[PDB]
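J.: Have a look at this one.
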Amino acid sequence: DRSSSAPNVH
Amino acid sequence: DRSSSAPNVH
Amino acid sequence: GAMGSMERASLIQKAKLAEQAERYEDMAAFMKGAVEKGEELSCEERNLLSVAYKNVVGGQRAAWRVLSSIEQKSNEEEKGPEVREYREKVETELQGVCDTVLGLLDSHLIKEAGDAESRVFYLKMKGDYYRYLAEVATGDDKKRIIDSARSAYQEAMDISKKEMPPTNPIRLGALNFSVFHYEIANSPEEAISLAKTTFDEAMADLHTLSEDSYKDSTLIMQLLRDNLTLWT
Amino acid sequence: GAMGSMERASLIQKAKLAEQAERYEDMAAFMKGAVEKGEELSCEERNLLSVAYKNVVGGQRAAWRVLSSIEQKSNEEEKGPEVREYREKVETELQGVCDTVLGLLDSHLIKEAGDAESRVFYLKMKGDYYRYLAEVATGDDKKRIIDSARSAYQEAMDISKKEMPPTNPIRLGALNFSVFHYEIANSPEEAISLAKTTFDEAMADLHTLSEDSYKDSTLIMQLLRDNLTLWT
């Protein structure tokens with residue numbers, strides 16, 4: 001699967 | 001909670 | 001309408017791709033445009049139409065409920081008119097989708113449908129979309145909406161009772177009329193009698209079915225049981 | 001723009017209600033209209049803007065991936081032009097949201113922002129929205145898009161390195177530059193060196209933080225570890 005990027009702040 | 005109604009066919 | 005340059009079959013074709021992508025606003029407008037071609041719909045094409053407009057209204061209903069609860073918590077300092085303005089705007093979007101469906105059945109799906117399974121399917125849908133309007137109604141027309149839903153629901157029952165077996169899944173899907181009674185009509189004992197009569201007459205018919213049909217009907221009978229366990 | 005009759009604060013007010021309802025198209029247009037009022041944004045208002053446009057583009061990306069896979073399965077009978085027409089239509093919707101954000105930063109958010117944390121936040125976002133365009137680019141402008149994303153990413157790194165500590169969550173959020181390297185730039189060993197250097201320098205800084213700040217940074221350091229476990 002694809003790589004993890006930076007999450008939705010709240 | 002509220003009552004269950006009839007589900008999405010597929 | 002908006003979709004008048006495209007072939008009927010390409011429109012069916014793209015509705016199924018939108019479902020796969022989970023793009024139900026697109027799905028609903030493709031199926032609106034197929035309907036407006038003027039020809040009747042088959043049994044698979046009818047299910048596409050109900051899946052598309054249900055997932056769209058389903059989102060509006062859920063967001064209207066969040067908003068309306070904040071508005072009421074702000075009664076039992078004050079933030080301004082902003083909550084009541086925005087709840088009003090969502091509510092007006094939902095009433096507009098409900099009026100769009102109701103217009104496709106009146107023009108001209110119900111009057112062209114002569115089979116029991118076509119005609120019972122469209123009359124159910126009509127009572128479902130008056131119900132969702134009643135869920136948000138508060139004016140003088142609220143008693144009028146509750147009576148349009150009632151009337152459409154009852155005509156479909158009379159046909160289904162004399163024309164289809166007690167295990168037919170469209171006939172079981174009667175579940176929705178019992179919800180009407182409980183949550184809209186303030187008649188909870190009516191709601192309870194219907195669901196118990198409905199469950200019992202299907203139960204005694206299962207011996208007549210294939211394994212594929214057995215599985216379809218027991219699905220919907222389990223929802224009748226969950227409600228009775230909740231309403232008692 | 002469209003929102004020009006409404007007060008700036010009512011617009012902030014309604015963006016937070018849309019988030020609660022999970023109505024992110026509404027959320028994005030409220031925050032577009034606040035931006036166009038001409039004043040700079042605070043640190044909470046900036047997070048609202050990124051939450052709103054991320055959830056909207058997030059849905060377009062996921063549906064574009066479904067469609068593009070069906071299109072390719074139909075190469076390795078043939079259904080017609082319908083798949084390629086509908087994938088093309090979604091793709092054009094995504095490129096339009098990416099051009100709308102990129103225009104708000106150029107006009108005039110980046111040039112007015114003088115604090116390190118404002119300026120690094122907007123330059124990251126700019127490399128993120130060129131990245132999503134590159135994910136669907138295939139023409140002569142594809143090498144040009146990959147270079148706009150690169151340039152914006154690197155300027156923000158240089159500022160963050162000389163102006164903020166190695167545990168700052170905006171600085172850790174560098175995770176995104178390593179994804180650029182791995183999935184877009186065909187440079188997977190670059191991607192691996194960055195994530196390991198980044199993890200190590202934050203690790204040796206944790207002793208300086210409160211329990212609330214510790215929790216914020218360890219969140220994002222765990223995503224750096226998951227990728228290394230996957231890329232090796």
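Labels for the structure tokens follow display order: chains A, B, ..., residues from 1 in each chain, ligands from 1.
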Set the distance at 9 Å and use only C-alpha atoms: which residues neighbour residue A:9 once local chain neighbours fewer than 5 positions away are removed? I'd like the list as JSON, numbers by chain.

T.: {"D": [47, 48, 50, 51]}

J.: Limited to C-alpha atoms, could you put the picked residues into a file as a JSON list (two decimals), in the first residue's frame?

T.:
```json
[["chain", "number", "residue", "atom", "x", "y", "z"],
["D", 47, "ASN", "CA", -5.71, 24.92, 10.70],
["D", 48, "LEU", "CA", -9.40, 25.33, 9.72],
["D", 50, "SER", "CA", -6.08, 23.11, 5.85],
["D", 51, "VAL", "CA", -8.61, 20.71, 7.39]]
```

J.: Please identify all polymer residues within 12 Å of residue A:10, counting only C-alpha atoms, omitting same-chain residues fewer than 2 positions from it, and present them as number ranges by chain.

T.: A: 6-8; D: 16, 19-20, 44, 46-52, 216

J.: Keeping only C-alpha atoms, write the selected residues as a short mmCIF file (atom, residue, chain, number, x, y, z; two decimals), in the first residue's frame.

T.:
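Below is the file that was written, part.cif:
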```cif
data_model
loop_
_atom_site.label_atom_id
_atom_site.label_comp_id
_atom_site.auth_asym_id
_atom_site.auth_seq_id
_atom_site.Cartn_x
_atom_site.Cartn_y
_atom_site.Cartn_z
CA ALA A 6 0.72 14.10 7.64
CA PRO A 7 -2.66 13.94 9.36
CA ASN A 8 -5.61 16.29 9.65
CA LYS D 16 -16.65 25.30 12.75
CA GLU D 19 -16.75 20.67 10.48
CA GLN D 20 -19.01 19.32 13.24
CA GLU D 44 -6.35 28.38 14.68
CA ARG D 46 -4.98 28.45 9.49
CA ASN D 47 -5.71 24.92 10.70
CA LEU D 48 -9.40 25.33 9.72
CA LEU D 49 -8.36 26.17 6.16
CA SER D 50 -6.08 23.11 5.85
CA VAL D 51 -8.61 20.71 7.39
CA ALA D 52 -11.33 21.89 4.96
CA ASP D 216 1.94 16.05 19.98
#
```

J.: Using only C-alpha atoms, find the residues of chain D whose closest atom to chain A is at most 9 Å away, then write them as a PyMOL selection string.

T.: chain D and resi 47-48+50-51+54-55+172-173+175-176+179+182-183+220+223-224+226-227+230-231

J.: Take the residues just selected and output them with C-alpha atoms as a short mmCIF file (atom, residue, chain, number, x, y, z; two decimals), in the first residue's frame.

T.:
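To be explicit, this is the file written out as again.cif:
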```
data_model
loop_
_atom_site.label_atom_id
_atom_site.label_comp_id
_atom_site.auth_asym_id
_atom_site.auth_seq_id
_atom_site.Cartn_x
_atom_site.Cartn_y
_atom_site.Cartn_z
CA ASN D 47 -5.71 24.92 10.70
CA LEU D 48 -9.40 25.33 9.72
CA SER D 50 -6.08 23.11 5.85
CA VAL D 51 -8.61 20.71 7.39
CA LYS D 54 -7.71 18.37 2.64
CA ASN D 55 -10.94 16.43 3.24
CA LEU D 172 8.02 17.24 11.58
CA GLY D 173 4.94 17.39 9.34
CA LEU D 175 7.42 13.69 6.54
CA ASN D 176 5.63 15.03 3.46
CA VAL D 179 6.84 10.99 0.58
CA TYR D 182 9.61 8.11 -2.60
CA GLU D 183 6.41 8.24 -4.65
CA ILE D 220 4.08 12.44 14.02
CA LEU D 223 4.40 7.98 11.05
CA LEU D 224 8.10 8.34 10.13
CA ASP D 226 5.84 3.22 9.86
CA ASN D 227 7.20 4.34 6.46
CA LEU D 230 7.47 -0.26 4.82
CA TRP D 231 10.29 1.11 2.63
#
```

J.: Excluding same-chain residues fewer than 4 positions from residue D:214, what lies within 12 Å of it counting only C-alpha atoms, as a list in words?

T.: residues 167, 168, 169, 202, 203, 205, 206, 207, 208, 209, 210, 218, 219, 220 and 221 of chain D

J.: Would you pick out the contacts of residue D:86 at 9 Å or less, using only C-alpha atoms, so that residues sharing its chain but fewer than 3 positions from it are not included, and give the list as a JSON list (two decimals) with N, CA, C and O atoms, in the first residue's frame?

T.:
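Final output, result_10.json:
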```json
[["chain", "number", "residue", "atom", "x", "y", "z"],
["C", 14, "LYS", "N", -22.32, 4.98, -16.60],
["C", 14, "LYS", "CA", -21.60, 5.87, -15.69],
["C", 14, "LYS", "C", -22.19, 5.89, -14.27],
["C", 14, "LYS", "O", -21.47, 6.20, -13.33],
["C", 17, "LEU", "N", -20.19, 3.15, -12.46],
["C", 17, "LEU", "CA", -18.84, 3.61, -12.12],
["C", 17, "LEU", "C", -18.83, 4.60, -10.92],
["C", 17, "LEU", "O", -17.94, 4.52, -10.07],
["C", 18, "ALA", "N", -19.79, 5.54, -10.86],
["C", 18, "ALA", "CA", -19.92, 6.45, -9.71],
["C", 18, "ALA", "C", -20.17, 5.72, -8.40],
["C", 18, "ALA", "O", -19.61, 6.07, -7.36],
["D", 67, "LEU", "N", -11.25, 4.83, -10.49],
["D", 67, "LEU", "CA", -11.54, 4.95, -11.91],
["D", 67, "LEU", "C", -10.33, 4.59, -12.76],
["D", 67, "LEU", "O", -10.46, 3.85, -13.74],
["D", 81, "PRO", "N", -16.03, 4.51, -24.78],
["D", 81, "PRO", "CA", -15.28, 5.65, -24.23],
["D", 81, "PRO", "C", -15.70, 6.08, -22.83],
["D", 81, "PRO", "O", -15.12, 7.03, -22.29],
["D", 82, "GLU", "N", -16.65, 5.39, -22.21],
["D", 82, "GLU", "CA", -17.32, 5.90, -21.02],
["D", 82, "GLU", "C", -16.38, 6.00, -19.83],
["D", 82, "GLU", "O", -16.47, 6.96, -19.05],
["D", 83, "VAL", "N", -15.48, 5.03, -19.65],
["D", 83, "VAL", "CA", -14.57, 5.07, -18.50],
["D", 83, "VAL", "C", -13.59, 6.22, -18.64],
["D", 83, "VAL", "O", -13.35, 6.95, -17.68],
["D", 89, "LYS", "N", -13.31, 13.56, -16.24],
["D", 89, "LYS", "CA", -14.15, 14.62, -15.68],
["D", 89, "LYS", "C", -13.80, 14.84, -14.20],
["D", 89, "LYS", "O", -13.63, 15.98, -13.75],
["D", 90, "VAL", "N", -13.68, 13.75, -13.46],
["D", 90, "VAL", "CA", -13.22, 13.82, -12.08],
["D", 90, "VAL", "C", -11.86, 14.51, -12.01],
["D", 90, "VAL", "O", -11.68, 15.43, -11.21],
["D", 91, "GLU", "N", -10.91, 14.09, -12.88],
["D", 91, "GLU", "CA", -9.54, 14.61, -12.85],
["D", 91, "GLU", "C", -9.52, 16.11, -13.02],
["D", 91, "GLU", "O", -8.81, 16.82, -12.31]]
```

J.: Between chain C and chain D, at 12 Å or less, what are the per-residue closest atom pairs and their distances in Å? Count only C-alpha atoms, order by chain and rising residue number, and return it as a tab-separated table.

T.:
```
residue	atom	partner	partner_atom	distance
C:6	CA	D:82	CA	10.6
C:7	CA	D:82	CA	10.8
C:9	CA	D:82	CA	10.1
C:10	CA	D:82	CA	6.6
C:11	CA	D:82	CA	9.0
C:12	CA	D:82	CA	10.4
C:13	CA	D:82	CA	7.3
C:14	CA	D:82	CA	6.8
C:15	CA	D:86	CA	10.2
C:16	CA	D:83	CA	10.6
C:17	CA	D:67	CA	7.4
C:18	CA	D:63	CA	8.5
C:19	CA	D:63	CA	10.0
C:20	CA	D:66	CA	7.4
C:21	CA	D:63	CA	4.8
C:22	CA	D:63	CA	7.1
C:23	CA	D:63	CA	7.5
C:24	CA	D:63	CA	11.2
C:26	CA	D:90	CA	10.0
C:27	CA	D:86	CA	11.6
C:30	CA	D:86	CA	11.5
C:59	CA	D:23	CA	8.9
C:60	CA	D:23	CA	9.1
C:61	CA	D:21	CA	10.2
C:62	CA	D:21	CA	7.6
C:63	CA	D:21	CA	4.8
C:64	CA	D:21	CA	7.8
C:65	CA	D:21	CA	8.4
C:66	CA	D:21	CA	5.9
C:67	CA	D:21	CA	6.9
C:68	CA	D:21	CA	10.4
C:69	CA	D:21	CA	10.9
C:70	CA	D:17	CA	9.1
C:71	CA	D:17	CA	10.8
C:79	CA	D:13	CA	9.0
C:80	CA	D:10	CA	8.8
C:81	CA	D:10	CA	9.1
C:82	CA	D:10	CA	6.6
C:83	CA	D:14	CA	7.6
C:84	CA	D:14	CA	10.6
C:85	CA	D:14	CA	9.5
C:86	CA	D:14	CA	7.2
C:87	CA	D:17	CA	9.5
C:89	CA	D:26	CA	10.8
C:90	CA	D:23	CA	9.9
```

J.: Quick one: distance from atom CA of residue D:137 to atom CA of residue D:188 in Å, one decimal?

T.: 20.0 Å

J.: Can you work out the spacing between atom CA of residue C:29 and atom CA of residue C:3 in Å, to one decimal?

T.: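 Separating atom CA of residue C:29 from atom CA of residue C:3 is a distance of 8.1 Å.
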
J.: Distance atom CA of residue C:1-atom CA of residue D:92, one decimal place?

T.: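 Between atom CA of residue C:1 and atom CA of residue D:92 the gap works out to 22.7 Å.
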
J.: Please write out chain B, superposed on chain A by least squares over all C-alpha atoms matched in order, as a PDB file with C-alpha atoms, in the first residue's frame.

T.:
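What landed in out36.pdb:
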```pdb
ATOM      1  CA  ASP B   1       0.000   0.000   0.000  1.00  0.00           C
ATOM      2  CA  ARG B   2       0.977   3.685  -0.302  1.00  0.00           C
ATOM      3  CA  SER B   3       2.992   5.748   2.181  1.00  0.00           C
ATOM      4  CA  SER B   4       1.577   7.694   5.135  1.00  0.00           C
ATOM      5  CA  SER B   5       1.454  11.522   4.918  1.00  0.00           C
ATOM      6  CA  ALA B   6       0.721  14.099   7.635  1.00  0.00           C
ATOM      7  CA  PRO B   7      -2.661  13.939   9.362  1.00  0.00           C
ATOM      8  CA  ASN B   8      -5.608  16.292   9.654  1.00  0.00           C
ATOM      9  CA  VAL B   9      -4.739  18.563  12.531  1.00  0.00           C
ATOM     10  CA  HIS B  10      -7.760  18.222  14.883  1.00  0.00           C
TER      11      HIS B  10
END
```

J.: So that I can see what lies close to residue D:34, please list as an MDAnalysis selection string the residues with an atom at most 6 Å from it, counting only C-alpha atoms and leaving out residues fewer than 3 positions away in the same chain.

T.: chainID D and resid 8 31 37

J.: Take the selection from the previous step and output its residues with C-alpha atoms, as a compact mmCIF listing (two decimals), in the first residue's frame.

T.:
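out.txt written:
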```txt
# COMPACT_ATOMS: atom_id res chain seq x y z
CA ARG D 8 -15.57 37.82 8.75
CA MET D 31 -12.85 29.83 4.68
CA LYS D 37 -11.47 39.73 3.35
```

J.: Can you pull out every residue within 12 Å of residue D:103, counting only C-alpha atoms, but drop anything in the same chain fewer than 4 positions away, and send it as a VMD selection string?

T.: chain D and resid 32 35 to 36 96 to 99 107 to 110 122 125 to 126 129 to 130

J.: Can you spit out the residues from that selection as a PDB file, in the first residue's frame, using N, CA, C and O atoms?

T.:
```
ATOM      1  N   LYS D  32     -12.579  30.142   2.265  1.00  0.00           N
ATOM      2  CA  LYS D  32     -12.214  30.938   1.105  1.00  0.00           C
ATOM      3  C   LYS D  32     -12.700  32.378   1.287  1.00  0.00           C
ATOM      4  O   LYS D  32     -11.952  33.338   1.060  1.00  0.00           O
ATOM      5  N   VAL D  35     -10.667  34.360   3.849  1.00  0.00           N
ATOM      6  CA  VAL D  35      -9.364  34.747   3.303  1.00  0.00           C
ATOM      7  C   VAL D  35      -9.501  35.995   2.443  1.00  0.00           C
ATOM      8  O   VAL D  35      -8.712  36.939   2.559  1.00  0.00           O
ATOM      9  N   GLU D  36     -10.511  36.019   1.559  1.00  0.00           N
ATOM     10  CA  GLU D  36     -10.681  37.132   0.624  1.00  0.00           C
ATOM     11  C   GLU D  36     -11.054  38.453   1.290  1.00  0.00           C
ATOM     12  O   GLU D  36     -11.067  39.480   0.597  1.00  0.00           O
ATOM     13  N   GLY D  96      -8.978  21.620 -10.482  1.00  0.00           N
ATOM     14  CA  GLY D  96      -9.559  22.934 -10.262  1.00  0.00           C
ATOM     15  C   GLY D  96      -9.543  23.346  -8.811  1.00  0.00           C
ATOM     16  O   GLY D  96      -9.433  24.535  -8.503  1.00  0.00           O
ATOM     17  N   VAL D  97      -9.657  22.387  -7.899  1.00  0.00           N
ATOM     18  CA  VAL D  97      -9.544  22.721  -6.482  1.00  0.00           C
ATOM     19  C   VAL D  97      -8.089  23.052  -6.142  1.00  0.00           C
ATOM     20  O   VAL D  97      -7.816  23.983  -5.375  1.00  0.00           O
ATOM     21  N   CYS D  98      -7.134  22.343  -6.775  1.00  0.00           N
ATOM     22  CA  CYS D  98      -5.715  22.589  -6.534  1.00  0.00           C
ATOM     23  C   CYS D  98      -5.312  23.965  -7.033  1.00  0.00           C
ATOM     24  O   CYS D  98      -4.467  24.605  -6.413  1.00  0.00           O
ATOM     25  N   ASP D  99      -5.939  24.447  -8.115  1.00  0.00           N
ATOM     26  CA  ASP D  99      -5.620  25.772  -8.624  1.00  0.00           C
ATOM     27  C   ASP D  99      -6.247  26.869  -7.803  1.00  0.00           C
ATOM     28  O   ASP D  99      -5.733  27.995  -7.816  1.00  0.00           O
ATOM     29  N   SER D 107      -1.986  35.100  -3.474  1.00  0.00           N
ATOM     30  CA  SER D 107      -2.807  36.295  -3.556  1.00  0.00           C
ATOM     31  C   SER D 107      -3.659  36.475  -2.299  1.00  0.00           C
ATOM     32  O   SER D 107      -4.876  36.313  -2.299  1.00  0.00           O
ATOM     33  N   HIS D 108      -3.034  36.888  -1.185  1.00  0.00           N
ATOM     34  CA  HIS D 108      -1.649  37.363  -1.023  1.00  0.00           C
ATOM     35  C   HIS D 108      -1.022  36.841   0.302  1.00  0.00           C
ATOM     36  O   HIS D 108      -0.235  37.532   0.939  1.00  0.00           O
ATOM     37  N   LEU D 109      -1.304  35.571   0.634  1.00  0.00           N
ATOM     38  CA  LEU D 109      -0.977  34.999   1.943  1.00  0.00           C
ATOM     39  C   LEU D 109       0.528  34.830   2.163  1.00  0.00           C
ATOM     40  O   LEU D 109       1.054  35.164   3.238  1.00  0.00           O
ATOM     41  N   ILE D 110       1.232  34.244   1.192  1.00  0.00           N
ATOM     42  CA  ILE D 110       2.675  34.038   1.351  1.00  0.00           C
ATOM     43  C   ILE D 110       3.433  35.372   1.466  1.00  0.00           C
ATOM     44  O   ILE D 110       4.345  35.519   2.290  1.00  0.00           O
ATOM     45  N   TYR D 122       2.504  28.031   5.085  1.00  0.00           N
ATOM     46  CA  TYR D 122       1.995  28.255   3.738  1.00  0.00           C
ATOM     47  C   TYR D 122       2.892  27.637   2.673  1.00  0.00           C
ATOM     48  O   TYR D 122       2.385  27.218   1.629  1.00  0.00           O
ATOM     49  N   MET D 125       2.105  23.801   2.400  1.00  0.00           N
ATOM     50  CA  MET D 125       0.840  23.660   1.672  1.00  0.00           C
ATOM     51  C   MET D 125       1.041  23.819   0.164  1.00  0.00           C
ATOM     52  O   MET D 125       0.404  23.122  -0.639  1.00  0.00           O
ATOM     53  N   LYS D 126       1.912  24.739  -0.246  1.00  0.00           N
ATOM     54  CA  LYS D 126       2.133  24.950  -1.670  1.00  0.00           C
ATOM     55  C   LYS D 126       2.785  23.717  -2.325  1.00  0.00           C
ATOM     56  O   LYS D 126       2.406  23.326  -3.441  1.00  0.00           O
ATOM     57  N   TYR D 129       0.090  20.891  -2.649  1.00  0.00           N
ATOM     58  CA  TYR D 129      -0.900  21.002  -3.735  1.00  0.00           C
ATOM     59  C   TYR D 129      -0.283  20.918  -5.138  1.00  0.00           C
ATOM     60  O   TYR D 129      -0.986  20.527  -6.086  1.00  0.00           O
ATOM     61  N   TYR D 130       1.011  21.228  -5.301  1.00  0.00           N
ATOM     62  CA  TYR D 130       1.686  20.832  -6.541  1.00  0.00           C
ATOM     63  C   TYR D 130       1.895  19.322  -6.597  1.00  0.00           C
ATOM     64  O   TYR D 130       1.880  18.748  -7.696  1.00  0.00           O
TER      65      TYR D 130
END
```

J.: When DSSP works through the backbone of this structure, what residues of stretch 40-174 of chain D end up as alpha helix (DSSP H), shown as an NGL selection string?

T.: :D and (43-73 or 82-104 or 110-112 or 116-134 or 141-163 or 169-172)

J.: Pick out the residues sitting within 7 Å of stretch 145-162 of chain D, and hand them over as a list in words; count only C-alpha atoms, and ignore anything fewer than 5 positions along from it in its own chain.

T.: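 Contacts, with the query itself left out: residues 120, 123, 124, 126, 127, 130, 131, 134, 171 and 177 of chain D.
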